[PDB]
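Everything below concerns the one structure shown next.
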Amino acid sequence: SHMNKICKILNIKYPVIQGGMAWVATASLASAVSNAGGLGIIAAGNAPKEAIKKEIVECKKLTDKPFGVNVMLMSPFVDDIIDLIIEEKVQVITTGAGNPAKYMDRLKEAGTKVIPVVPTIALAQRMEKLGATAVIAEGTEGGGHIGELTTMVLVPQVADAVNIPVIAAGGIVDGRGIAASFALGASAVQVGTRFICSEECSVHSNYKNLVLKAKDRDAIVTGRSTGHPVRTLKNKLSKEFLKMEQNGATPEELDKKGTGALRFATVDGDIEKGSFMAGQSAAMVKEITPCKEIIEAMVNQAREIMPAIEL
Amino acid sequence: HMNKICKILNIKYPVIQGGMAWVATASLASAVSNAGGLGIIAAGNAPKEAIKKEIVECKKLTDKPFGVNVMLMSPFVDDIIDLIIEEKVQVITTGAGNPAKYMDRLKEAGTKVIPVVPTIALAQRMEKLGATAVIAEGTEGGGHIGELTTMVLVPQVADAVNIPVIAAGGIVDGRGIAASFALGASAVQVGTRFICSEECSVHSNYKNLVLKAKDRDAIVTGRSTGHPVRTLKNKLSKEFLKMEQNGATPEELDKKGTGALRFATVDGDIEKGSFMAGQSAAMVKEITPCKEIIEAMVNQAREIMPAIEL
Ligand SMILES: Cc1cc2nc3c(=O)[nH]c(=O)nc-3n(C[C@H](O)[C@H](O)[C@H](O)COP(=O)(O)O)c2cc1C
Ligand SMILES: Cc1cc2nc3c(=O)[nH]c(=O)nc-3n(C[C@H](O)[C@H](O)[C@H](O)COP(=O)(O)O)c2cc1C
Ligand SMILES: CS(=O)(=O)c1ccc2nc(NC(=O)Cc3csc(-n4cccc4)n3)sc2c1
Ligand SMILES: CS(=O)(=O)c1ccc2nc(NC(=O)Cc3csc(-n4cccc4)n3)sc2c1
Ligand code: NA
Ligand code: NA
Ligand code: NA
Ligand code: NA
């Protein structure tokens with residue numbers, strides 16, 4: 001009674017999930033978040049089965065606490081990643097960038113808890129009917145491939161539509177966003193951009209530093225002309241990509257410009273060729289900090305702001 | 001008055017009914033003020049004489065504080081500022097620009113000025129030039145929007161200024177009030193929810209389109225002109241989008257959208273109107289007296305956040 005539902009179901013100390021973040025989120029980050037009492041997440045991204053297997057194996061060496069894997073449903077290896085989840089006995093997965101409906105029964109029967117990101121009420125309701133453990137309502141202010149609705153309106157609508165716990169994502173960097181999210185009906189938060197600037201995140205230092213330097217309007221959106229808006233920091237790449245879209249460049253021309261761009265950011269920190277994906281939250285990130293300090297300060301500040309909060 | 005905005009504005013509840021061009025007339029503004037919030041008469045694009053009539057009629061309907069919104073893109077903005085000072089309006093909000101050039105005239109007149117700000121820089125500039133408070137309006141609001149969402153804009157503006165911050169964009173009930181106060185706001189400004197108040201004088205069809213709006217119905221037109229507008233999906237707003245996808249020019253769009261908001265508010269023309277509204281429209285489910293809207297909001301916020309400083 002009076003216990004946080006996400007903490008109880010996932011067996012974690014704090015209802016803070018570090019979001020799966022393609023290329024960004026590796027065993028160093030996931031294990032640090034789980035060791036700090038939240039839920040670390042290894043991102044499958046577009047990587048093949050054998051690469052994510054190594055991350056899972058390495059993560060289990062670094063933490064005894066629960067962690068998850070994010071299945072990014074647009075991946076060409078999505079079927080292999082789902083196999084890997086079940087083979088490796090991963091306790092929990094999140095999903096993004098699509099509808100995981102066709103895997104829910106295999107995952108549910110295998111005991112895996114499934115937490116899909118949902119950008120609409122209809123998908124939230126469908127996920128609850130197919131047996132989702134929880135859903136993540138990610139607002140458009142988040143980094144990466146975004147939906148249309150903001151966190152402020154999406155979280156309460158999803159909470160009104162389903163009875164399973166709702167996890168707020170998009171724009172949360174500190175205890176203020178946690179308290180706001182819980183007031184809107186969430187039982188936990190998922191945090192991406194802030195954890196790029198954790199010490200244990202393995203991205204190139206230039207990526208962390210560009211997030212630190214980000215100003216209020218620096219997290220721009222490319223790909224609106226098409227069907228998949230992507231939020232990323234202003235730099236030479238993203239500005240020229242946006243101009244190419246606006247000047248009617250072909251789907252092929254755009255493909256070559258953007259191919260490998262996120263990896264150029266995370267591996268090489270290449271400030272001219274990288275796509276430094278980040279939410280509008282990037283403007284509020286001010287320090288590189290160990291995950292333990294981030295999470296403990298997050299929950300303490302949420303309590304101070306909203307003493308009634310059910311953490 | 002413990003709450004800072006309640007003290008400064010001498011109102012019972014820190015709930016402001018946002019100025020809403022063509023929508024917010026004396027009937028709505030007086031009802032909100034009578035209910036203990038701050039009603040606002042929208043100057044919009046209208047001339048001095050039309051807005052003067054609204055101020056006079058509002059005074060006949062309430063003796064509670066109310067304000068006027070100066071919409072800074074109006075062709076008559078100079079006349080409206082003149083009117084504000086001439087009629088000794090106690091408080092104004094501003095939108096759609098930077099009211100820097102009026103701040104000395106307004107502060108010598110004693111006018112409390114509360115500008116809408118979409119950036120940290122404009123927030124800090126308004127504080128430096130004497131703003132009483134600022135409104136941080138997130139992109140989820142209706143009408144001519146900024147880019148940043150409420151979730152990230154409110155805490156950044158609160159971190160940037162010492163004057164009170166008013167959250168706007170997406171607030172329809174006490175959850176949004178509690179969330180806004182958690183982010184650092186001292187009050188909320190609410191637009192779309194009050195379209196579905198009994199006292200709002202828009203055509204019934206406008207209220208219905210808000211009532212029946214789905215989660216994704218409040219779409220953005222005019223990205224290609226640099227003046228984005230959030231409005232409900234309908235024949236007019238689809239065609240505006242289909243025109244942009246066909247490479248329409250700004251002049252073609254501007255002629256297409258002429259008088260569209262008036263078609264919505266006066267005639268309720270479901271095909272020809274621009275029914276501007278926030279993503280909040282999806283959450284609006286009842287047409288309700290303003291007093292009940294505001295009392296229910298405040299009571300719910302206190303229930304969620306017992307220590308809230310309302
Ligand atoms: C660089 C980056 C990569 C991401 N990759 C994924 C992904 O592969 N799968 C997914 O579901 N979400 C992905 N996300 C979304 C995050 O998991 C998270 O929901 C989002 O970052 C939260 O918003 P915030 O950045 O404002 O904290 C990514 C976000 C970023 C910034
Ligand atoms: C139809 C409509 C007209 C508006 N007109 C104005 C205006 O003239 N001046 C202004 O500053 N804001 C204007 N706004 C913004 C509102 O004052 C308010 O900040 C916004 O509606 C809050 O977001 P919400 O609709 O989600 O509650 C308008 C909003 C709407 C929906
Ligand atoms: C592997 S990568 O480098 O190409 C890459 C980079 C960034 C990125 N960011 C993503 N963000 C999500 O997946 C979360 C989300 C928002 S809306 C939505 N959704 C839509 C239908 C169903 C869910 N999911 S995926 C993704 C993939
Ligand atoms: C008179 S009308 O029918 O043509 C019309 C219709 C809708 C409408 N909605 C508006 N919304 C705002 O003014 C609030 C806002 C958001 S961002 C911003 N801002 C940018 C720089 C400085 C402030 N102001 S004005 C406006 C005018
Ligand atoms: Na995303
Ligand atoms: Na920053
Ligand atoms: Na607006
Ligand atoms: Na509705």
Side-chain angles (χ1 to χ4, degrees), chain A residues 18-30 41-52 54-55 58 69-78 81 96-97 141-146 191-215 217-247 249-283 285 288:
Chain A
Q18 161 256 309
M21 266 203 285
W23 292 99
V24 169
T26 63
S28 67
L29 175 58
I41 298 286
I42 298 152
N46 285 312
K49 186 179 165 157
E50 59 273 15
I52 303 313
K54 289 180 181 178
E55 295 290 347
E58 209 64 358
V69 174
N70 174 269
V71 177
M72 187 300 276
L73 297 159
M74 282 203 297
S75 170
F77 313 106
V78 60
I81 297 309
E141 52 272 58
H145 297 193
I146 52 162
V191 174
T193 296
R194 173 69 184 97
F195 279 122
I196 303 179
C197 287
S198 65
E199 226 104 60
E200 297 93 345
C201 183
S202 70
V203 299
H204 195 283
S205 66
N206 285 351
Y207 199 150
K208 302 190 188 190
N209 289 332
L210 277 184
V211 172
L212 286 184
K213 288 191 316 213
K215 312 246 186 209
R217 291 193 299 190
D218 277 352
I220 59 167
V221 180
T222 69
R224 275 187 202 298
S225 76
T226 63
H228 288 150
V230 180
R231 191 179 299 283
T232 191
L233 294 177
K234 287 183 195 181
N235 76 323
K236 187 192 173 144
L237 190 44
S238 65
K239 293 184 188 144
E240 304 188 323
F241 193 94
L242 189 53
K243 183 178 174 63
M244 273 168 78
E245 285 193 89
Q246 279 170 344
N247 294 333
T250 63
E252 159 199 35
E253 286 171 308
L254 288 182
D255 170 274
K256 188 269 183 182
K257 191 70 161 171
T259 286
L262 181 52
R263 178 174 206 285
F264 275 124
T266 66
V267 174
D268 297 301
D270 187 317
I271 56 154
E272 305 208 310
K273 291 190 262 199
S275 184
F276 295 84
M277 299 180 186
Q280 299 186 339
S281 52
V285 182
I288 298 167

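For the numbers below, each heavy atom of this structure counts, side chains included, while hydrogens, waters and symmetry mates do not. Each chain gets a letter, A, B and so on, in the order the sequences are listed, and its residues count up from 1.
- Atom CZ of A:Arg231 is separated from atom CD1 of A:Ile146 by 4.0 Å, given to the nearest 0.5 angstrom.
- The structure places CE of A:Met277 at 5.0 Å from NE2 of A:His145, a figure rounded to the nearest 0.5 Å.
- Residues A:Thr232 and A:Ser238 bring no donor and acceptor atom of their side chains to less than 3.5 Å of each other.
- Note that CD of A:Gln280 and CD of A:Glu141 are 6.0 Å apart. Values are rounded to the nearest 0.5 Å.
- Scanning all heavy atoms of the two residues, the minimum distance from A:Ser202 to A:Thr26 falls at OG-OG1, 2.9 Å.
- Ring-plane geometry between A:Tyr207 and A:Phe276 is classed as perpendicular, the angle between the planes exceeding 60 degrees on a 0 to 90 degree scale with a lower cut at 30.
- Within 6.0 Å of CD1 in A:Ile271 there are 12 or fewer heavy atoms belonging to other residues, nucleotides or ligands.
- Of the possible polar contacts, none joining the A:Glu200 side chain to the A:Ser28 backbone as a donor-acceptor pair under 3.5 Å is found.
- When atom types are taken as modelled, the side chain of A:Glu245 and the backbone of A:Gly223 share a donor-acceptor pair closer than 3.5 angstrom.
- The distance from atom CG of A:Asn209 to atom CD1 of A:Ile288, rounded to the nearest 0.5 Å, is 5.5 Å.
- Between A:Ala219 and A:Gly279, the shortest heavy-atom distance links the atoms CB-O, 3.4 Å.
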**Study point:** Steps toward side-chain contact (heavy atoms from CB on, under 4.5 Å) verdict (A:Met74, A:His228)
**Key:** CA-CA 12 Å; A:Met74 282 203 297; A:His228 288 150; 4.2 Å; yes

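- Note that CD of A:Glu199 is 6.5 Å distant from NZ of A:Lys208, once rounded to the nearest 0.5 Å.
- Between the A:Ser75 side chain and the A:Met72 main chain, no donor and acceptor come within less than 3.5 Å of each other.
- In this structure a side-chain-to-backbone donor-acceptor pair under 3.5 Å is missing from A:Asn70 to A:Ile41.
- Here the shortest heavy-atom pairing between A:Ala282 and A:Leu233 reads CB-CD2, 3.9 Å.
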Point to revise | A:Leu242 and A:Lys239: CA distance, side-chain angles, deciding distance, side-chain contact (heavy atoms from CB on, under 4.5 Å) verdict | key: CA-CA 5 Å; A:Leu242 189 53; A:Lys239 293 184 188 144; 5.8 Å; no

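- With hydrogens and angles ignored, the 3.5 Å screen pairs no side-chain donor or acceptor of A:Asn247 with any backbone N or O of A:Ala249.
- Within the 3.5 Å criterion, the main-chain N or O of A:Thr266 finds no donor-acceptor partner in the side chain of A:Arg263.
- Listed here is the closest heavy atom pair of A:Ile81 and A:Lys49: CD1-CA, 3.9 Å.
- Heavy-atom minimum distance, A:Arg194 versus A:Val191: CB-CG1, 3.6 Å.
- A:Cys201 and A:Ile196 get closest at one heavy-atom pair: CB-O, 3.5 Å.
- Interatomic distance, A:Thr222 OG1 to A:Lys243 NZ, rounded to the nearest 0.5 Å: 15.5 Å.
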Point to revise | Chi angles and distances behind the side-chain contact (heavy atoms from CB on, under 4.5 Å) call for A:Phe77, A:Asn46 | key: CA-CA 7 Å; A:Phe77 313 106; A:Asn46 285 312; 5.6 Å; no

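- When atom types are taken as modelled, the side chain of A:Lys273 and the backbone of A:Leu237 share no donor-acceptor pair closer than 3.5 angstrom.
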Check your understanding: Yes or no on side-chain contact (heavy atoms from CB on, under 4.5 Å) for A:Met21 and A:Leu29, after CA distance, side-chain angles and deciding distance?
Key -> CA-CA 10 Å; A:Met21 266 203 285; A:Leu29 175 58; 4.3 Å; yes

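- Heavy atoms from other residues, nucleotides or ligands lying under 6.0 Å from NZ of A:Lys257 number 12 at most.
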